[PDB]
Every structure is written in C-alpha cells, then in structure tokens.
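Trainee:
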Amino acid sequence: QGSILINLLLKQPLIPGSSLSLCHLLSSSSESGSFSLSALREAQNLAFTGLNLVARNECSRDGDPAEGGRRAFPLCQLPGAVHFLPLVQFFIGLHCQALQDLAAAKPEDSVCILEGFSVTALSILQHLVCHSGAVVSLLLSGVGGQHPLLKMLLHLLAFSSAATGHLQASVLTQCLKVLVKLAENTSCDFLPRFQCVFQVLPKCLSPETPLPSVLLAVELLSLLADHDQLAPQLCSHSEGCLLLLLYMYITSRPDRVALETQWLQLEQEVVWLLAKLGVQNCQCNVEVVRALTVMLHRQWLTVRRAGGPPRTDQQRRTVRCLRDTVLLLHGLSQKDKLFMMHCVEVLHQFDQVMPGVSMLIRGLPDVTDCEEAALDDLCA
Amino acid sequence: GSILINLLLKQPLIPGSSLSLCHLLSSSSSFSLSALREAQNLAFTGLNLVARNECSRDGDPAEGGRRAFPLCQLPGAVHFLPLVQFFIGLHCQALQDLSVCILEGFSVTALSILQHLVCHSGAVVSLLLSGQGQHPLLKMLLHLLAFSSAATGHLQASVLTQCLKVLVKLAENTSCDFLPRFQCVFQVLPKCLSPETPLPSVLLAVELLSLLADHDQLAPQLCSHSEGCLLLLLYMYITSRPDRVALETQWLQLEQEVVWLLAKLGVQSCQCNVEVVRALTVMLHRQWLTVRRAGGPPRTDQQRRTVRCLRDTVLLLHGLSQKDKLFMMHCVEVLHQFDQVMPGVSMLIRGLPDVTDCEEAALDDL
Amino acid sequence: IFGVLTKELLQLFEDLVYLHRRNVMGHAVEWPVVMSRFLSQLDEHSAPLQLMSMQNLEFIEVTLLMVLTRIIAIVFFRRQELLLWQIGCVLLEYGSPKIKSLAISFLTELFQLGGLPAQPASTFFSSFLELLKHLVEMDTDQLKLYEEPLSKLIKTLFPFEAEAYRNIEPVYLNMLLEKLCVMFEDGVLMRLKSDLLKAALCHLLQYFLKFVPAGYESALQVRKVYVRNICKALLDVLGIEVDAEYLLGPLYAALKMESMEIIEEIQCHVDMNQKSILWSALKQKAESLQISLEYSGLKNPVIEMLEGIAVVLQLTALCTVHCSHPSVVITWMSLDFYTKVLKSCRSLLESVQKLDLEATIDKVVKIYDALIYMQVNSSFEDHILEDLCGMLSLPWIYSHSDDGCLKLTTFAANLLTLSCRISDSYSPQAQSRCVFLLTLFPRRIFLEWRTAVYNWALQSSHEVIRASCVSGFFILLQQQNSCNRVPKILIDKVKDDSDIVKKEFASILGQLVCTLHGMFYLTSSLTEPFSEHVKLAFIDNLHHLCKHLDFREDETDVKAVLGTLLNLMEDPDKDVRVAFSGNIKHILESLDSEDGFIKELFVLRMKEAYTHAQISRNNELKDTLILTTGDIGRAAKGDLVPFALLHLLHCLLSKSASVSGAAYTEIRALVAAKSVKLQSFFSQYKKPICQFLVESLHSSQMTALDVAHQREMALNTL
Ligand SMILES: [Zn+2]
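Chains as they are written, first to last, in PDB author numbering: chain C, 308 to 339, 368 to 441, 464 to 501, 534 to 669, 679 to 778; chain D, 309 to 337, 369 to 437, 467 to 499, 533 to 670, 680 to 776; chain A, 141 to 185, 191 to 413, 453 to 509, 528 to 735, 778 to 949, 963 to 975.
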C-alpha cells in the first residue's frame, strides 16, 4: 500500500527550475506521422489512467525472498505503471529526430523545450519502473530485443555519448541515474539486453562529461558487472581499457568546479565495483594503481589535518574510503607483482600516504585486522 | 475515501472540454503570477496526503454522532479547496464586472472538483460548519448561483446546476443548526426555479426545495410570502415545461422529486398551497399515460419510478384530501382532468401486488 | 573463492530470515530448519544448523547479521546493499528487542556504506514509522533495548550536517515531522521513560527547523502545523518533567526560527512574543510557570516549579541576546516581571528545606545564568546587577559576613542575614557558577564586593570558585587599575592543577592585548548560541594574541618569548608539534618579516631540529617537523622559503624514502603557495637550490672519498 511512486510522479515538479513534471505531463496541452499529436494526448491520458489504476490493485511485491533478492527490490505489479510508460514513450521520442536534424544542418527551440520535458519524463520513468516490475519487464523483454521507448532512449543515450553541452550534460547525468535504476530493475536475462549500453558507455565516461554523470555511470557499470558475460566486456584488452577512462577521470578530474562530495561518492562507487569484481598485460591495470594511490593520499592527508571524530560526513567518508582503498590496494599488490612496477610511478606519494593510514586504521574501532592487514601489505 | 483520491486524479469528470485534474493542481492559467504557483504546490501537497490514503481506512470508523456514515474526514481535501478559490470566484469577479469563456471552463472544472470534495470528505464540510463570512468559498458560490439564474448564458446554464448541487449535497449531511447557514441560499434559490433558469438547474432546484421542506427554517421560507409564498414556481414548472428538448424522462423526474418533497413535508409534521394538489393531479395523469398505452408494469426502472410517483400521487392527494378538509372547493376547477386519471390508477394500483393497505385506503377515498 | 563462501553465508542467512517471515505469515513451519547452503563433504566424507523454537531462529539471525557486518567491508558492492537492505527491512518488520537494535545499526551502517537508494528506503521507512508509533505502547524494557540504536540510526538518517535531507525522501521527511507532532499531541513523548527518545524527536524537529531546505520535507504551512503540535506537547511536558533542559533546546530553536519569520513579516515595533502566536502560547506557558511558583508558595515542589520557571526565563534571555529588534523593534520579557519572579525565588529559597534547596539553588543558578545572558544582551544599569551579584555570593556571604568586604558592600548588610539559610543549601558548584556570573557582574555595581570577590576566589583553595574567578579575572584587572599588567595574586593563581585553567589563561592572554584596548562588551555566548546538548590551546591562544600584540618586529622581548615558543614548537608530544604546525605560518603572519632576527631564530630552530631529529629517529616527530618547516616556507615570500626549501632538499636527499616524500609534499605545498609553474619556482630559487644540491654533491664526493653507484646516485638526484 506504498504508492511512493504515485506521490513521486504527481507532486511539486521534480525538475528544479522548469516546472515540467509528470503532473503537467498529464495536464499538458496539445499546443504545449507516427508521433501524432493525438497519440501524444493519449500517452498523457494513459499515464492518467495508470494514476487512477495503481491504487486499485492489491499485491505482494515478492512471492519469496530469493526472487526479490535477484531484482534487489520487491515490486508490486501495478498495471497503472505500464500505462504511464506510453506517455514517457511519446515525450522521449519527441525531439530526438529534431536533435538529429539540428546536428545534420551543421528548429532548435522545439528540441530544447522537448528535451527539458523529456528529462522530466526520465525521472518519472525511473519512479514508475521502480514501483511496478511489470512496466519494467515489458520494456525489458525482446526478440534477441528492446522496447521502442527503449530504442528512443538509446538515441538519448547516443546524445549522452555525444559531446555534451551544459544542458545536455545535466540531461546526460539524469540519463545515467535512469540507467542505474534501469539496471537494478532489469532481470538477469535482461542484463544481456543491457549489453547494448556498454558501447554507449565509453563516450559517457569522458573528461568532458560532468561528474554526476560519471558517478551514475560507475554505478551502472557495477550493475552490469554482476552478469558473467558483461564482466569481461569492461577493458578492451590493450585497445583502450574502458574502466581505464573512469579511473583516469578520478585521477585527474575535468570539471574542477564541482561538489567535492559527489567526487568522493563516485570514487567510493568505483571501490565497491572493484570489490564486487573481485568476488566474481593491460595498460589499464598499471593505470588503475595510480588513481587509487592518489585517492588514498587525499584521504590520508585529510586525516592528518583532521582531529577527533569526523563531524563532517566527508571526513568519516575518508576514514572509510581510506580503509576500503587500502583493501583494494593490498590486492592491487597480491593480484599483480608487476603491479608494483607500474605503481612505482605514484609510489613516491603512495609510500608517504601508507604509514599515517596504518595509524588511523589501528585507531578506528570499525577498523579490523582484515582491514589493517591489507594496509600492512602496501607499507613495509 | 480512497475513491476520493481516485476522483481527484481522474479523466475530466465533466464530459469533454479537455479538463485535467492535474491542471486543477498545476495550471499556469487571483492572477499576478504569485501565491497561485503556491496554490498549485498546495494541491501537490494534498495529492501527497491523498496518495498515502491513510485516512480512508476501515470505513471511517472514528467519526461518530451526527453526519453518521460520514465520508472519511480528509485533511488533504481541505487543502485542495484553496486553489479552487483562485479558480471559482475569479470568474465571480469577471461576473462582477459588467475571455470570460476561458475562465468559465476552468471555473466549471473547479466546481466539479469542489463537488467531489464536498461529497466525499468530512473536512470541506467541517469548513461549512465553520462560521459570518466564514467558508468564504460559499459566499463566492452563492454570489455565482444568484447571478447565474439572473443571466442566461451558455456558461450560465451549467454553473447554476453545479452550484445548486454543491449546496444541496452539503446541506444534506449537515445538522439542523448548520442548516440555519444554508438559509441564505433560500433567497437566491427563488430565481432558479423559474423556467428562464436552466432546466437541469430547475431539477436540482426541486431537489433543494425538498431539502428546504426538510429544514425547519427553510419550510416557513417555502410558504412565507402572502403572494406566491416563494413556492409553486416549482408546481408551475412541471405543469408547463419550458424545454425545447422536452425529453419525457425529465418532467417525471421533476414531479417525482416534488412528490417526495410533499410526502416528506407530511411525514415531518396561501394560493401556493393550492397549486401543489392540482399539479399532483396533473402528474398522476402524466405518469399514468406512459404506463397505460403500453399496458402492464414497467419495462423501465424510470418507468417503475413513474409508477411509484403515481402511487405516491394518489396517496398524497389522499393526505391532501384529509388536508384543507374542504378539498373539493379548490379541486373542482381541475377536477375533471383529475377525475379522469384517479380511478384508472386506482385499478392499476389494485393490480400490483406491492400496493400497501394504507396506500389502499388512500386509493379508496378516490 | 572468498566471495563464493560469503555468498553461501548470505543465502543461508536469507533462508533463516525468510523462515522468520514465514512464521509471521503462519502458513508453514520449517522447524527444525537446516539451511541448504554450506552442506559439505567434510561432515560425511551433513550437519546444517538445526533450530526448533522461533527464538533459536532469532539467535541464528543475530549471529548471521553480526557476520554480515563483520565482513561488510569486503562484502559491500554497488547494489549489494540493495538485497541486504531488503533483508534488513524484513528484520525490522518483526523485531526482537536486541536483534531489532542490531538490525537498526546494520541498516544505518549500510546506508552510510553505499548511500541510500530511494526505493529501498521506502520499505524500511514504513516499518520504521510503525515502530516509532508503537514506542509508547511498548514497555521500556523492550523499546529501550533498541532505542539507543534507534537514536544512532536516526542521527545517521537525519544528520544535522549537509544534504542529510537529500538522503531522506522529502515525503519521508514530511511523514516523520508529521509522526513527531502526532506523538507530541499524544503526549507519548513525555510518557516514554527514556529522555533520549523524545530528545531524538526534538533532534529531528530542529533538523527541520534550521538545516533542511525550507519546504523540502513538507509544505511550509503544514510544517508550521507540525511545529505548533511540537510546541503544544513541549509546553505540557516541561511542566511535567522536573527538568525541562532535555526540551529547552528544541524550544529555543523554534523561538529563533519564529523570530526570523516575524522580522521578514514586519518589513516588506512588535514584541517577538506578541508577533508569534505559537510563541505567545510559549509565553503563556512561561507565565503559568511563574504564577504557579508564586501562587503555590510551599505547596508546589520548589525544585520542579523553579526548574520550569528557569527554563522559561532562560529561553527569554537567549532570545533577547540572539533576537535583535526605529521602524522595527522587538519587545522582551520585562525585567520587573523578572523582579517579581525574583521575589518569588527569595521566598522559595526561604521556604525550601536546607537539603531541598540544593536542587532549587541549581535551578536558581541556571535561571541566574539566563539572567546573566539578559544582562549581556543589555547590561542592567545598577541595581538589578547589584542584587544579582549579591545573591550569587550568598553561599559565600554567610561565611564572608565577618569580612572587610562585607563591611563595605552596600547590600552586604541584608545579605548577611539572608545568606545563612540559603547557603547551607547552596551547592559548591552552584556557588561556583554564581561566581562565574559574579565575575561577569560589571564594576559599576558592587565594585568593592566584586574586586574583593575576584581576589577571594583566587584566594580560595577550592578549584571551582577559583576557575570562575579566573574566567573574568583578566577583565576585572583591566577594569581595576591596569589593562597592561596582570596582577601578582593571579599570576600565582595562573598555575592550576587542571590543564583547563591553564588553557583558560591562554585564552586570557589572548584577550589581554584587547584588555589593553577598551574592554569590549562581554556576552557569555558572545556569539554562536550554545547548542541545547594545553600547549595546543596555547597555539590557539597565541594566534589570536599576536595579532593584537605589537610583536611584528618588537625586540629582545619577542626574541626571548619566541625562543621559549620555539622550544615548545618542537615539543615531545606529536600532537603538540602538530596543530602548532601551521601555527608557525600564523606566526610568520604575526612576524613583520621573515628575515633578520626572525630569520636568525628560524635558523637556530632548524639547527635544534636537526639535533633532535638525529636523537629522535622517530617518524612522527619528523612528520610534524616536515609539515611545519613546510608551512613556514610556504608562508614566506622571501629568503626563508628558499632556506626552508634547502633544508627540505637535504631531508629529501636521504636514504629513507619517507624523508624524501615528506620534503616533496612540502615542496609541492610551497609551489602551490608560490602559484607558479614547476619550472618557474625552480627559476626563482634555481641558483641557491642547485648550489645547495652541489654542496650535497660535494658531500657525496667526500662520501665517495665506486663511480658506478656514484653515477646512479647522481642521476637519481637529478
Ligand atoms: Zn584494461
């Protein structure tokens, strides 16, 4: 009896600034071939039918815990959500061909209005898919194999892959959040469906691309990693490693006027992904050792400066990131012995980082041997 | 009610016009581009409260006493009412001024939403209970209804109906002391009955007139004037039908509402007192004709309702026979037309198994 | 392999938690339950856990959750927390007092470990709010079992810090402020035996008030609705509880917020009370406390009623100072109404039993601190301050009675007779706080008594009175005869068994240069309203003390002091050397130049540091000293920076990699401070840097005094 999705969808406009949010979608007027205007109106009417339909059904999201575990979330199948989705289909489909035309030239205003509205629709879609697993599975099923709105959203992803203007960069970060929600919702068999997103992803994580997009992209890559076939699909085997670009972004961060918090969380997400990867010749393997040395150094420096418990969530964050990074590194040493050779480049700073890290580690109560032993491997 | 949230978020209740309840919450276009955006945010807050639907649980068991079986008292409903004020009341100002159509559509949509809220919430009524000038939205509604009858516009026709229905539904559940407020509606209601006022508004009128006879202050009002009495405008509309459409299944409804009103006035215990009796005779005939030609009982529920109005008319003319004992003096003039209808319906009423022994003695009189 | 093992463990724990949830449905029972996972050939070359009573399950699940937490570091992955959080939401669904607490902690931990996904938070949030509501029905033994963990989980979910409102879903924040105001209308808060629970409710209320973006949690009007419900509950609970302190805060915060809104309302003179209707109800509560005090006389428990009145008055005074009003002005509680409360307080002090008034004196001391905050916002002219200073010394007056100060003080006569009864009940620490306020008492009122009382508290051997006196003694001395020279009695008194008295004297020195300046108006808070709930102190004090001091160049005086200060800067305590690190940069700012006498002192310090470093052979001291030498170099734009950089190069040119790394970090720091390209800052000091490197190369030649290793070393230096 949650209806969290319904409250999210119909409420104050989710988008800061522009007030275009599902609510308006439903009330959106016609003035403001295949994508007929009447079909637009009908997509609105469909999301409204779903509004009036969701509450009606009664359901248990997960029949058993294992099944709900696989998805990582229980969803009660609300027919309303599936009806909602056609509205997103129309608004996302809009302005895609218009963007294509804008680019082919060498008409924009329509593309812009439609794109703002479409980011609204993307957030709305996140919510709607999040609540009902049926609306998701519908998009998810394929011949070999994507939903039609899924193909239009792939177009949108191509726009993400493409060089991102300011507004397009924010839109792209939105798309990446959509994608992480997409993944988590997707079923294991639907991960092969997600395989197509990989080709878009390398452009998605780029020095030009904004930070929040990269945080969400690391999350999406992590979601993809669980699939056995997807996991190898990461580095290009000497062809530029794809992971290689993410860790490079973290090592040196384009878009330097950005929230430090989100930087930190992106890095922590890559840490989590590295762990999950561990559970499941390259230039990149040498390259990865550099970003992590830099990050552990940042954290250690922060600790040295700081005194007493971490009031700031940021400081507690480092304490935790430092321990996790030390753990990943201990492996960045047990994993490869050649690892240390390519690490020597940053080893000057890393060696200094290490000892005070050992100190703080031994200090923290959350710290453990499995955590301090990791550190002992790096510094000796 | 959870359904109240459904109603809230529903395709345009009003048939057509492209009305979006999502615009009743978020519409760019009293004015000045401030605090109306805030009203929209408030509608969103009500939607948030609405969704959870925690209130509409176990059939509103908390509320008790008067207004028994109260539509689950809803806090969110009270919140929706303010934006409705930005809507309905604005046109009321346009009305105060000597375009308007665009405003009228939004106003009609707002009135429909207001009707739903009033019907299904125990809060917007608590607002009526607050009291004057309190419940200022009612003052705006009353202004609109009085003006709606006065001016005959394509927008005027419906708005009258809607305001009347709101008033009526609310007055239903309210207490007697709370009906002393609705008293103000009695004065404005007189214009509504006249044919010039919308027929759909005249039917809601008949309904509210029955309700008036239910109220102690409204009764005297129904027969207070030396001339007219402020009643019998209703008696005259059933007898003479001012509608080009003149669908048969509307005049029966008017007369049947009026007959329920008369039976209710009886149970509850001028020249206007006299018109109800002759009009009841006329209706007894009218309902009689539809059934007589086809013969046998009703192949229509509305036809069964016409038969019910028939039996009620014979019984009510009997009460009217006992009433003003000197029934014959005022009856004679319409007495031929009434005598034509009475005894055949006597036979028909004897035919049906359902007819009561008390209705049967009534029948016996005539 | 490790991960496959952990995954089997996860699946087993999930089977057990699912067995619990199926017990909840009651459809089937697996007892005895043996998990499919972890069956091994070793058992029969098995014996999976077997449980037969629901509590056996509960224990198995507790153990398994402990294991999950312990591995959490390695186990947590991106979206691994999703499944764990579903499991934890189930664990919360039905919660045994202790497993419930540990699961609270666990979901909080995961929340921190990977943030909080929007969707999973709804699942757990539902059960969570349900638990909150059940609190009042719950017996203390059961609810408290997990409450503390509840409080920590709330802290994490509703951290006062930035973006904690982002973590929570806005609807969830509205629901929680709505759930809180409900408990408040219920009085459940006061009902629950544990104060920290209602305290966590107030925590959330404040978090909404100040930190959260206005309206993000809920609509502003309905948020004010919840605030008013909270005020309603608080007004009653305060009169009920013997001590309202655990509620004073939330109240004070609401008061300040209401004043903020009022000010904006006024402008596109109204009392901050009459302006806010909810604050008007708070004023009604305060007036009721005062009336009950006066009307009851002996009937009302002096301690409780006095505590309530003191809480009210403290709120009023806090607002007085913090809230600032000739178009607009803000009225405040009348000091004559204060005098009425004070007549009541004297009558109570007389009425309380000797042992009974110790609590009353404590509450009275708190009320006096509030009155002192009022005096700081606006120093009462003469007589209120007089009577106050008198009362604060009453515990000492009955003993002082036979003193020369008593003979001189104007109010001392009546104070002698009045002090005997109230003092034996006067708590020593209470009278200590009184002297803290008595020291605050200005000179104009009870001048003789105030001077003699500072002198006495210095004379008194007890530490509390002496510390109170020490606090305001610098100001006293300033006002007494001389802002420049401290008094000898205090000088002897400066030395204290408590390090904190010494740190207070550090702050006092830092304040003494201002003391030479016209004594600034003093307010206990002085800024920064207190929340409701020492060589390093020496560096802190000095940073502020030097700026006012004329020490940029001064003289031998500086030379000598700075000598002692350099000894200290190199202090055995690693933390001492640290956090004085950069205190030396603040000193470079404090110094008018980095050359000459200052440069000579720096060179002497570097020599001493080289000797100590050879002796120390301790990495921590070296880290501190490296950072300090660095900060020094960075702060300077002249010769010292290249001199420090050459010392740092010598440090870098050492077999130990750590020395070179530390010096390199300092080099990067200086380059940054310099704000020039690597090659450019090289260019500025290229001649001296390379000359020092060539002297190091000549020392390396003396060391040589094989070419192979020599050349390898030279290339590595390059
Ligand atoms: Zn690679």
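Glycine residues also receive a C-beta, built at the ideal position from the N, C-alpha and C atoms.
Looking at chain C, is there any beta carbon in it that lies within less than 8 Å of the beta carbon of residue 525 (chain D)?
Mentor: Looking at chain D, the numbering goes 499 and then 533, which leaves residue 525 (chain D) without any coordinates in this model.
Trainee: Round the Cβ separation of residue 424 (chain A) and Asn319 (chain A) to the nearest angstrom and send it over; I've been treating them as touching at under 8 Å.
Mentor: Between 413 and 453 the numbering of chain A has a gap, and residue 424 (chain A) falls inside it, with no coordinates.
Trainee: For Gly705 (chain C) and chain A, any beta-carbon pair shorter than 8 Å?
Mentor: Reading the first sequence from its first residue, position 307 is the one you call residue 705 (chain C). With 8 Å as the cut-off, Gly705 (chain C) counts as an interface residue toward chain A.
Trainee: Residues of chain A with a CB under 7 Å from the CB of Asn392 (chain D): which are they?
Mentor: Counting from 1 along the second sequence, the entry for residue 392 (chain D) is found at position 53. Per Cβ cutoff of 7 Å: no residues; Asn392 (chain D) is ~13 Å from chain A at best.
Trainee: For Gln945 (chain A), count the other beta carbons within 10 Å of its own beta carbon; 16 or more makes it buried, fewer makes it exposed. Which is it?
Mentor: What you label residue 945 (chain A) is simply residue 701 of the third sequence in a count that begins at 1. With fewer than 16 other Cβ atoms within 10 Å, it is exposed.
Trainee: Under 8 Å between C-beta atoms, does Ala266 (chain A) make it to chain D?
Mentor: The sequence position of residue 266 (chain A) within the third sequence is 121, counting from 1. Chain D contact via Cβ: absent.
Trainee: Can you list, in chain order, the residues of the segment 310-322 of chain D whose Cβ is nearer than 7 Å to any Cβ on chain A?
Mentor: Taking 7 Å as the Cβ-Cβ cut-off against chain A, none of the residues of the segment 310-322 of chain D qualify.
Trainee: With distance defined between alpha-carbon atoms, name the residue in A:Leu341, A:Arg878 and A:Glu833 nearest to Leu789 (chain A).
Mentor: Position 545 of the third sequence, counted from the first residue, corresponds to residue 789 (chain A). It is A:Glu833.
Trainee: In this structure, how does DSSP classify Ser335 (chain D) when only helix, strand and coil are distinguished?
Mentor: Locating residue 335 (chain D) in the second sequence gives position 27, where the first residue counts as 1. Here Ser335 (chain D) sits in coil by DSSP.
Trainee: Under 9 Å between beta-carbons, which chain A residues line up against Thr710 (chain C)? List them in chain order, please.
Mentor: Working through the first sequence from its first residue, we reach residue 710 (chain C) at position 312. Neighbours of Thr710 (chain C) on chain A, chain order: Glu306 and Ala307.
Trainee: Pick helix, strand or coil for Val173 (chain A), following the three-state DSSP scheme.
Mentor: Within the third sequence, numbered from 1, the residue matching residue 173 (chain A) stands at position 33. Correct three-state label for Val173 (chain A): strand.
Trainee: Assess, as a yes-or-no matter, whether the segment 857-876 of chain A is touched by the segment 813-828 of chain A under the definition of 3 or more beta carbon pairs within less than 8 Å.
Mentor: As far as the Cβ criterion goes, the segment 813-828 of chain A touches the segment 857-876 of chain A, which means the pair count is three or higher.
Trainee: Tell me which residues share the same chain as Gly882 (chain A) and place their Cβ nearer than 7 Å to its Cβ, disregarding the 5 neighbours each side in the sequence.
Mentor: Within the third sequence, numbered from 1, the residue matching residue 882 (chain A) stands at position 638. For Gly882 (chain A), where only same-chain residues beyond five positions count, the Cβ hits under 7 Å are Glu838 and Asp839.
Trainee: Looking at chain A, is there any beta carbon in it that lies within less than 8 Å of the beta carbon of residue 353 (chain C)?
Mentor: What the structure lacks is residue 353 (chain C): chain C is numbered 339, then 368, with the residues between left out.
Trainee: Whose CA, out of D:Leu543, D:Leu482, D:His418 and D:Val423, lies closest to the CA of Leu315 (chain D)?
Mentor: Taking the second sequence and counting its residues from 1, one reaches residue 315 (chain D) at position 7. Residue D:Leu482 is the option with its Cα nearest to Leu315 (chain D).
Trainee: Let's test the definition: count the other Cβ atoms within 10 Å of the Cβ of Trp598 (chain A) and tell me whether it reaches 16, buried, or not, exposed.
Mentor: Locating residue 598 (chain A) in the third sequence gives position 396, counting from the first residue. Per the 10 Å Cβ criterion, buried.
Trainee: Beta-carbon within less than 6 Å of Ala647 (chain C)'s beta-carbon, same chain only, minus the 5 sequence neighbours each way: which residues are those?
Mentor: By one-based count along the first sequence, residue 647 (chain C) stands at place 258. These residues qualify, in order along the chain: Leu600.
Trainee: Write down the C-beta distance between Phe579 (chain D) and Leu497 (chain D) rounded to the nearest angstrom, noting that I regard them as a contact closer than 8 Å.
Mentor: Position 178 of the second sequence, counting from 1, holds the residue named residue 579 (chain D). Position 129 of the second sequence, counting from 1, holds the residue named residue 497 (chain D). 6 Å between Cβ atoms; contact.
Trainee: Do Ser475 (chain D) and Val560 (chain D) count as a contact pair if the criterion is CB distance below 8 Å?
Mentor: Locating residue 560 (chain D) in the second sequence gives position 159, counting from the first residue. Locating residue 475 (chain D) in the second sequence gives position 107, counting from the first residue. In contact: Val560 (chain D) and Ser475 (chain D) (Cβ atoms closer than 8 Å).
Trainee: Tell me, which residues are paired with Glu628 (chain C) by DSSP?
Mentor: Position 239 of the first sequence holds residue 628 (chain C). According to DSSP, which records beta bridges pairwise, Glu628 (chain C) is partnered with C:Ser625 and C:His626.
Trainee: Using a threshold of 8 Å, state whether the C-beta atoms of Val607 (chain C) and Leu662 (chain C) are closer than that.
Mentor: On the first sequence, position 218 is the one that residue 607 (chain C) refers to. On the first sequence, position 273 is the one that residue 662 (chain C) refers to. Their beta carbons are under 8 Å apart, which means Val607 (chain C) touches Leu662 (chain C) by this criterion.
Trainee: What residues from chain A crowd round residue 353 (chain C), counting only those whose CB sits closer than 7 Å?
Mentor: Since chain C is numbered 339 and then 368, with no step between, residue 353 (chain C) has no place in the structure shown.
Trainee: For the alpha helix (DSSP H) that contains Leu322 (chain A), what are its first and last residues?
Mentor: By 1-based counting over the third sequence, the position of residue 322 (chain A) is 177. Where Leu322 (chain A) is concerned, the enclosing alpha helix (DSSP H) stretches over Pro315 to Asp331.
Trainee: Quick check: what's the CA-CA separation for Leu479 (chain D) versus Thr729 (chain A)?
Mentor: For the purposes of this step, residue 479 (chain D) is identified with residue 111 of the second sequence, where counting begins at 1. For the purposes of this step, residue 729 (chain A) is identified with residue 527 of the third sequence, where counting begins at 1. Answer to the nearest angstrom: the Cα atoms are 55 Å apart.
Trainee: Show which residues of chain C have a CB atom less than 8 Å away from the CB atom of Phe383 (chain D).
Mentor: Indexing the second sequence from 1 puts residue 383 (chain D) at position 44. Correct list: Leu317, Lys318, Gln319 and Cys330.
Trainee: Could you tell me which chain C residues have their CB closer than 8 Å to the CB of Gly260 (chain A), listed as they occur along the chain?
Mentor: Counted from its first residue, the third sequence places residue 260 (chain A) at position 115. Those within 8 Å of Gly260 (chain A) in chain C are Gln654.
Trainee: Can you tell me which of the three DSSP states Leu663 (chain D) falls into?
Mentor: Your numbering for residue 663 (chain D) matches position 262 in the second sequence. Residue state, collapsed to three classes: helix.
Trainee: So the candidates are A:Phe582, A:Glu203 and A:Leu210; which of them puts its Cα closest to the Cα of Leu150 (chain A)?
Mentor: Within the third sequence, numbered from 1, the residue matching residue 150 (chain A) stands at position 10. When each option's Cα is compared against that of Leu150 (chain A), the closest is A:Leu210.
Trainee: Return helix, strand or coil for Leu152 (chain A), following the three-state DSSP convention.
Mentor: For the purposes of this step, residue 152 (chain A) is identified with residue 12 of the third sequence, where counting begins at 1. Note: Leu152 (chain A) maps to helix in three-state DSSP.
Trainee: Do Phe587 (chain C) and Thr575 (chain C) have their beta-carbon atoms positioned less than 8 Å apart in this structure?
Mentor: As a first step, residue 575 (chain C) is located in the first sequence; it is residue number 186 there, counting from the start. As a first step, residue 587 (chain C) is located in the first sequence; it is residue number 198 there, counting from the start. Their beta carbons are not under 8 Å apart, which means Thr575 (chain C) does not touch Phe587 (chain C) by this criterion.
Trainee: List the residues of chain D that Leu333 (chain C) touches, going by C-beta distances under 7 Å, in chain order.
Mentor: As a first step, residue 333 (chain C) is located in the first sequence; it is residue number 26 there, counting from the start. Here the neighbours are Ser328 and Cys330.
Trainee: Starting from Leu196 (chain A), follow its DSSP beta bridges and name the residues at the other end.
Mentor: On the third sequence, residue 196 (chain A) is found 51 positions in, with the first residue counted as 1. According to DSSP, which records beta bridges pairwise, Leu196 (chain A) is partnered with A:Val173.
Trainee: Given 8 Å as the limit, is there contact between the segment 674-690 of chain A and the segment 639-658 of chain A, that is, 3 or more CB pairs closer than that?
Mentor: Cβ pair count under 8 Å is three or more, so yes.
Trainee: Residues in the segment 220-254 of chain A with C-beta within 7 Å of chain C's C-beta atoms, listed in sequence order?
Mentor: Hits within the stretch, in order: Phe221, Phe222, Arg223, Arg224, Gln225, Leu227, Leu228 and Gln231.
Trainee: Kindly indicate which three-state DSSP category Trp534 (chain A) falls into: helix, strand or coil?
Mentor: Position 332 of the third sequence, counted from the start, is the residue given in the question as residue 534 (chain A). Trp534 (chain A): coil per DSSP, three-state reduction.
Trainee: Beta-carbon separation of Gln669 (chain C) and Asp615 (chain C) under 8 Å?
Mentor: Counted from its first residue, the first sequence places residue 669 (chain C) at position 280. Counted from its first residue, the first sequence places residue 615 (chain C) at position 226. Yes; because the gap between Cβ atoms is below 8 Å, this pair is in contact.
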